[PDB]
Every structure is written in C-alpha cells, then in structure tokens.
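In: no FASTA, just this:
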C-alpha cells in the first residue's frame, strides 16, 4: 500500500495541531466526529445532519505508548486526546458505507452516527473537501480530506 | 480571582493577532462586535442578528500607555485599534444579560446591540464557540470563547 | 518634563503589589526540596513494596528439619502531569515603557510564577478527576483513598488547653496503633486554629502562656508544627514526609523561555512550564501513612 | 526492556522495606546485650 494511513493528522510539514483534551463516555474509533457535553466529557456527536454551528472536532489517534493506532478503539472513561481542525489542513476522516468519491473537491457533510458522507451543500454544514479518489463500501474507512 | 480577564486577546502563546486600524464614531467598550463603515470609521455593528457574511471584528483593548484596559471605554473620534479574529483562536467576548453557559461548545451568535448571545445555529451566523462555564446576569461580562 | 495643567500633582510609580498569605507554601516547599528527579515522558511511576516472611523451629539438641519461606511483592502507582503558564504584552506599549524605565515585564515573571504554583498547590489538596492513565488518579490530600480519614469531635478553635492534647493524641494514634507506622512525624494546621492557639491556658498559672507553647513541649515527637492556608477552619493534617511517606517526584524542573519574534510587530511572549506528581505511601499489608483531620 | 506497547512506566526497583513497631523488642534488646556467653552443648 503506497498510501499508508497510520496517522490521523497528515496536514503539512509545518502546521501543528490544536488539541482538546477531555473525558470519554464510550469507545469510539479514531477519525470520527465528536461533540463535547456537560461536565468535561467527550463522546460521539449524535446530532442531526442538518444542524449548523458544530465545531470540527475529530478523534486523534492515541499515543503509541498507550496502545493507540488508527484502528484501535479508545478505552472508556479515560482521557481522550482529540483534534480541533483549523481551516486549511488535511485530516483523515471516516466515511459511511455505499458512496464513491469521484472528483477531488466535493463537499463533506456529517452523518448522524459520527461518520461523514457526501451530502448536498444546501441543507447541511460543510466541514471539509475530498482529496482522494477512492470508493468505499465498509463503514469505517479512512479517506483524506482538506478541512477548508 | 484565578481567571484574570485583563487582556482581550488570549489565544495561544505562538499566535499573533491581526489588527485593523480605523477611526471611531462612538465610545464603545473593548470586546464588542464592530463593523466598518463609509470613510474610514469604525463603530458598533447595529445589523440584524439573522444576517450572514459579517466579519469577525472585535474591539481590542487600547494600549497601556494611552489609558486602556478591559473596561475603559475608547475616546470618540480617534484611532481605535481593533482585532480581526482568525479561526482557531481564543478571545474574550462580551455577552448580553440573562443567559447561562452550561456546556463547553455551544454556538455563539451575535446580538443586534454589539454583544453576543447563545442562539440557535440555524438562522444566525455562528461566530465562535464557548470555552468557559459561567453564568452572567449583567450585560458586559467577559466570557472566553474559541473563534472556530 | 510635565505640562502646566499637571503641576499640581507629584507622582511616584514605584509600585507595590499584594502580599500572598500566611503560611502559604510550607508543605510544598518541603516536598519539592526532597523530590526525586525522573525523566520526562514517564507518565506512571511504579514503586515496589515487599513483605515479611519466616518460619522458626526450635529444639534442645539442634538436629531438626529447618523450614523455609520467602517474600512476595506488590506495586503502587502514581502519575506525572504537566503544568504551564504564559504572559505577554503588545509592541507599541513595551517600546513606550522601555523609555520610562517602568519595568512591567520582570514584574510579571515574578507574578505568574506565583500563580503557577497556586494550581499545583490546588492540585495537591484537590486532585482533579481528569488526569488518569490506568488507575493512577490522585484525588487530593483530603479526598483520597490513600489518606486515613479521622473525624474530630471537639472544635479546636474554641476548646481549652486540656481538650487540645486529649484530641491531638487521638489523631496521632491512627498512625502508631491502627496503622503501625513509626518515625518522625509532621503536623499542619489551618490558620483559623493557629491563631486561636494563642488564648489563655487555664491550667498553667505562673504568668500567661498560650496553647501553642503547650504543644511544643508536651508532644516532642513532632518535627515541625506549621500553618498552611489550604486548610480552612477546623481541620488539621498529620503525616510522615520523606521517601517512606508523603513524597513527590519531579518530571521537569521549572524552566522558562521566550517565543522568538519574527516580524517587527510581533508581540512579546514568555512561557513557564513545570511537571511533577504526588503520592502517599502504602505498605504491602495495606497500612496507610497520612491522616487528614476532619 | 520496556515493550513499546507500554514504554510509559518508570518501574522502580528500590523496595521501600517494611517498618518496625514502636516498642517491639525493647526488653530483649537489653537482655541480649548484658548476656553471658557459655559454650554450646551445656544444656
């Protein structure tokens, strides 16, 4: 595989990431959309797809010295290190099933389950823009996208 | 007070601010929403809450060597040094009355008077995102918010 | 010089800030002076504790089968978090204040450094339940499960001289009797009691003596008896310090640096950061070593 | 040492012993210091 996908923040050689720490509530996989809640705990979003004003908050992969990878799920009830995405960076998202990415530059909406999808940019908040031409069929595949 | 609020731009230790100079028209307080007008003069916005496309332009505190603080109002008809907020920085805004901030991450809309409020992110432009759990009752209190 | 509308006032901008407290960082000043320095990156520090073991046979001649046994081991966990803080001014201001010789920068480096240690002092007495690696929370010196909780009966702010020593030995006997610990102890008081330990001792009549001088003679096995403002009211704390009791491990010592300026109007910024962690001892059988009074 | 799955635990090997009692062997510490030494075999 010439496109190795073992780091969820691949967005330039001079751009550092912005980290939002917090507590866990469930066991999600790295690369999914999050939403902070009451107390100081983070979990999956579970908001509607047609709701604006959400912050671009994805789950960073955990450190190598804590048993973390791009497919290892997080341990519940602990400190999950996340990423707030600035506009103009590339990040590996995680799409849903049965959608093909044909052109580099389509709009990336947010599904209600914590994954992303190609939606019409007239009724949902556009988070990012596609940057890789692949076709996915299993829910949970990593697709490169630019956050602008 | 462990949360000292005597500088309106607290947004990281490596991020510098973007400054928009201009003339004054009124005597506003630092931390309010502005809007540039004809000539080269700045004042309070006085646009509707349900209007998009506005630039994130808040009033920086004036320099220490000109009688400036986080509560000292500006002198009218002079050079007001302001701040254009890039996405991904924390700034001290100024909210209106009778609204409590419970969860870190709510949407920050703009009231018509030059202050901010927690509005529904479906009919107004979302400027920033809350970052402090406090309850305000007097209009003109400084609340930390991240500009994404 | 001055103008003519300002010849009625003379000024002196020598400046004087605030005074901190009374007995502010007496405990933390002793822990961070006896601390062991580990490398940064080590988030969890495991210390081993072993047991006691043995069998003894006896006879009158000396020819019997001699038995044998060996010692077990167990482990204990702490955690090392990182603290940080920064400060900074703009460009037009600091070039203006350089001319007047008002410092305004070195009198900030001596000011954030006090507020930096205040949250460590907050962490030591109140552990935030959001730095946990596997099971190595800290919880704080007044809510931890590694700290013996003992409820006081008599209020030490209004009691006489006799009820003080009668209820200070009942605190020390949760370290000599029901927890089997020995060695030199230390005692820490709230200032609402250290002030009220100056009233009249009713027993001694050879003049006037205070209760505080009746504990620095009656209980000689006490290394220091100081005040610390983290407690408040009717609360005390007695424990052991050193490597066998309450101890601290420093990840990275307190260092400071300046964010470099690129353009001509880059604001001045400085950063101070620090990393250390705390844990009270616990023997292999499970005998605690710190008592927090009420 | 230190499998790279963990590599985050400074495991120390000191031991930190086990404490005595306060008044464990005070009497026997005085008897065995003033004792007379006889030869073995004398029962």
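Out: Ah, there it is. Numbers count the residues shown, from 1 in each chain, chains lettered A, B, ... in the order given.
In: who in the stretch 151-294 of chain C is up against chain B?
Out: Contact residues, the stretch 151-294 of chain C versus chain B (CB under 8 Å from any CB of the partner chain): C:259, C:266-267, C:269, C:271. Every C-beta, even on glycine, is put in place using the N, C-alpha and C of the backbone.
In: what is the most widely separated pair among those residues?
Out: Pairwise distances across these (CB to CB) peak at 14.6 Å, for the pair C:266 and C:271.
In: of these two, who's got more company?
Out: Legend: neighbour count by other CB atoms under 10 Å in any protein chain shown for residue C:266 and residue C:271, higher for residue C:271 (17 against 13).
In: thinking again about what came up before, which one of the residues of the stretch 151-294 of chain C next to chain B sits closest to residue C:211?
Out: Of these, the one sitting nearest to residue C:211 (CB to CB) turns out to be residue C:271, at 46.9 Å.
In: where along chain C do the helices fall?
Out: For chain C, the helices defined by DSSP state H occupy C:26-31, C:91-99, C:106-125, C:162-166, C:169-172, C:191-194.
In: in the fifth one, what's buried?
Out: Okay, so that is helix C:169-172. By 16 or more other CB atoms under 10 Å in any protein chain shown, the buried positions in helix C:169-172 come out as C:171-172.
In: is it true that residue A:74 touches residue A:63?
Out: No. Between residue A:74 and residue A:63 there is no contact under CB atoms under 8 Å: 11.3 Å.
In: okay, these two: which has more neighbours?
Out: When residue A:74 and residue A:63 are compared for neighbours, residue A:74 comes out ahead with 24 against 12, by other CB under 10 Å.
In: how about the strands of the chain, start to end?
Out: Picking chain A for this. Counting by DSSP state E, chain A has strands at residues A:18-20, A:34-36, A:42-44, A:57-59, A:82-84, A:90-95, A:99-100, A:107-110, A:116-117, A:128-130, A:135-136, A:141-146.
In: my bad, the chain I had in mind was chain C
Out: Using DSSP E, strands in chain C cover C:36-37, C:44-50, C:73-77, C:82-89, C:148-150, C:186-189, C:225-227, C:236-239, C:247-258, C:268-279, C:290-293.
In: how far does the shortest one sit from its chain's centre?
Out: For strand C:36-37, the distance between its averaged C-alpha position and the chain's averaged C-alpha position is 16 Å (CA atoms, centre = their mean, to the nearest Å).
In: contacting residues around it?
Out: Identification of contacts with strand C:36-37 by CB atoms under 8 Å, 6 or more residues apart in numbering or on different chains yields C:243, C:247, C:249-250, C:253.
In: excluding chain neighbours, what is closest to residue 145?
Out: Using chain A here. Using CB to CB, 6 or more residues apart in numbering or on different chains and skipping the chain neighbours, the partner closest in space to residue A:145 is residue A:128 (4.1 Å).
In: could you do chain C instead?
Out: Per CB to CB, 6+ apart, closest to residue C:145 is residue C:139, 7.0 Å.
In: what's that neighbour in contact with, if anything?
Out: Contacts of residue C:139 by CB under 8 Å, 6+ apart are C:127, C:129, C:145-146.
In: report how many residues lie close to residue 70.
Out: Using chain A. Residue A:70: 17 neighbours (other CB under 10 Å).
In: please go with chain C instead
Out: For residue C:70, using other CB under 10 Å, the count is 7.
In: am I right that it is in contact with residue C:53?
Out: Yes. Between residue C:70 and residue C:53 there is a contact under CB under 8 Å: 6.0 Å.
In: residue A:27 and residue A:73 touch, don't they?
Out: Yes. Using CB under 8 Å, residue A:27 makes contact with residue A:73 at a distance of 4.7 Å.
In: which non-adjacent residue is nearest residue A:69?
Out: In space, residue A:69 is closest to residue A:61, 6.2 Å off (CB to CB, 6+ apart).
In: what about the residue of chain A most remote from its centre, distance to residue B:105?
Out: Note on chain A: the largest C-alpha distance from the chain mean falls to residue A:39, namely 22.6 Å (CA atoms, centre = their mean). As judged by CB to CB, to the nearest Å, residue A:39 and residue B:105 stand 12 Å apart.
In: what parts of chain A come near chain C?
Out: Counting by CB under 8 Å from any CB, chain A sits next to chain C at A:21-23, A:40, A:65-66, A:78-79.
In: nearest to residue B:11, of those?
Out: residue A:21 (17.5 Å).
In: contacting residues around that closest one?
Out: So residue A:21 contacts A:79-82, C:130 (CB under 8 Å, 6+ apart).
In: go again using 7 Å as the cut-off
Out: Residue A:21 makes contact with A:79, A:81, according to CB atoms under 7 Å, 6 or more residues apart in numbering or on different chains.
In: can you tell me how far the residue nearest to residue A:67 when sequence neighbours are not counted is from residue C:196?
Out: Distances taken as CB to CB, 6+ apart place residue D:5 nearest to residue A:67, at 5.6 Å, with adjacent residues excluded. As judged by CB to CB, residue D:5 and residue C:196 stand 56 Å apart.
In: okay if I get the helices of chain C as a markdown table plus distance to residue B:134?
Out: Shown next, in a markdown table, are the helices of chain C (distance: least, CB to CB, whole Å):
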| stretch | distance to residue B:134 |
| --- | --- |
| helix C:26-31 | 29 |
| helix C:91-99 | 29 |
| helix C:106-125 | 18 |
| helix C:162-166 | 42 |
| helix C:169-172 | 39 |
| helix C:191-194 | 29 |
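In: I'd like to know which of those is closest to residue A:140.
Out: Nearest of these to residue A:140, taken as CB to CB: helix C:106-125 at 38.6 Å.
In: need the max-distance pair from the contacts of residue C:139.
Out: The most widely separated members of the contacts of residue C:139, counting by CB to CB, are C:129 and C:146 (14.8 Å).
In: same drill for these two, tell me which one is more crowded.
Out: Neighbours were counted for residue C:129 and for residue C:146 using other CB under 10 Å; residue C:146 has more, 18 against 14.
In: give me the distance between the more buried one and chain A.
Out: The gap separating residue C:146 from chain A is 20 Å, by CB to the nearest CB, to the nearest Å.
In: dump the residue contacts of that residue.
Out: C:280, C:282, C:288.
In: go on, residue C:42?
Out: Counting by CB under 7 Å, 6+ apart, residue C:42 has contacts C:80, D:8, D:10.
In: isn't the first one right up against residue C:39?
Out: No. Taking contacts as CB atoms under 7 Å, residue C:80 lies outside contact range of residue C:39: 10.0 Å.
In: neighbour count winner among these two?
Out: residue C:80 (24 against 8).
In: how much space separates the more buried one from chain A?
Out: Distance, residue C:80 to chain A, by CB to the nearest CB: 13 Å.
In: residue contacts, that residue?
Out: Residues near residue C:80 by CB under 7 Å, 6+ apart: C:42-43, C:45, C:249, C:251, C:275-277.
In: next one: phi and psi at it?
Out: Main-chain torsions, residue C:80, degrees, to the nearest 10: phi -120, psi 100.
In: and for the one residue in chain A that gets nearest to chain B, nearest residue in space, chain neighbours not counted?
Out: Residue nearest to chain B within chain A (CB to the nearest CB): residue A:53, separated by 2.5 Å. Excluding the flanking residues, the one nearest residue A:53 by CB to CB, 6+ apart is residue B:121, at 2.5 Å.
In: OK, contacts around that neighbour?
Out: Contacts of residue B:121 by CB under 7 Å, 6+ apart are A:51-53, B:107.
In: ditto for residue A:98
Out: Each residue near residue A:98 by CB under 7 Å, 6+ apart is listed here: residue A:137.
In: what's the answer for residue C:57, then?
Out: Taking CB under 7 Å, 6+ apart as the test, what residue C:57 contacts is C:64, C:66-67.
In: of the residues you listed, buried ones?
Out: Here, 16+ other CB under 10 Å leaves nothing buried among these.
In: looking at the residues you listed, which is nearest chain A?
Out: Taking CB to the nearest CB as the measure, chain A lies nearest residue C:67 of the contacts of residue C:57, at 44.4 Å.
In: got the end-to-end distance for stretch C:79-97?
Out: Criterion CA to CA, to the nearest Å; first-to-last residue distance in stretch C:79-97 is 43 Å.
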